[PDB]
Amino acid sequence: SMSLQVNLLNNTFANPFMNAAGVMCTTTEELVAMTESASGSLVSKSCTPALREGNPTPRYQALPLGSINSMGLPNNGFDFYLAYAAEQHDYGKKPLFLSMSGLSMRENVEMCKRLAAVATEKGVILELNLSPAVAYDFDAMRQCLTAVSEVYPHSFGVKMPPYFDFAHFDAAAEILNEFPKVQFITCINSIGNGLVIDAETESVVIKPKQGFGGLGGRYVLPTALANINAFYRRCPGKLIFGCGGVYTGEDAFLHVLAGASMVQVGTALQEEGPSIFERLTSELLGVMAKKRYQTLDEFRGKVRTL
């Protein structure tokens, strides 16, 4: 007998799967579809205080090894997602995360002040997007978390861009550990500012920023696993959510082995739609069956070093 159940943040989740923020979670229809899916949870599109059109198109391109995008935070605005969380989400089906991505400290502070009562009343959980990106400037990062912690009377998580050396893992973890309200860390947002060139057209493939954009998919799995495990080790008091390169149950298995509690799906979900979650739960159970595991706790964070 097996189970994908996860228990964390005073909630129970049927399985660890959820969408990545930015993917299939912008409109009412999308949020409802995520709620009706087999996913264990969902997160609403990273929001700004007011609606944002986002960058000019094309701004997303699917690729053999993943995706590249420079969406530019298109979203319906904070009021919209707050109302979804306050009055529409069926918390009886699954828990809900709200992703917040204010463009200044002030914006985050203002939104958090209003989110507080809805979190208290309904149980929505904040995922604060820190992905130059806030998390790549340690002073800006400390300031952001100080501000939010000061005005937001609840636990929350942070969505991180990837780091690429131990000095940075140490520096980031030192900061995160100074904030006990940060109860989860989502690793990772894209690998930033890659450049895809189409040999046939001799051109870039997205319009904004001269073709530079965030990489997702197969490209990022080892970087994601690195960041998941690095923070799993360095922030023992916190949960880690995995994000990056999940297409299969086996991929998800790797995230959990590295330390992941929840596993977010981006590029693969963009291409397949919310039905992917039935496939992913099935595949992960199958991997666990073949390896003789009954629960996620049996192998979470147990990757073997040499």
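A residue's number is simply how far along the shown sequence it sits, counting from 1.
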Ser131 to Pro132: deposited residues without atomic coordinates: 4 to 9
Stretch with the higher entry mean CA B-factor, where the candidates are 148-156 and 67-75: 148-156
214-222 set against 165-173, stretch whose average Cα temperature factor tops the other in the entry: 165-173
Residue of maximum C-alpha B factor among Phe179, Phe80, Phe231, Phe97, per deposited coordinates: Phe179
Deposited CA B-factor, highest of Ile185, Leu103, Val196, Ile191: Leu103
B-factor third for the C-alpha atom of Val287 within its chain: middle
CA B-factor placement of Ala14, once the chain's modelled residues are sorted into thirds: highest
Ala62 CA temperature factor, ranked by third within the chain: middle
For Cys112, the third of its chain into which the C-alpha B factor falls: highest
Entry-reported Cα temperature factor of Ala20, expressed as the chain third it lands in: lowest
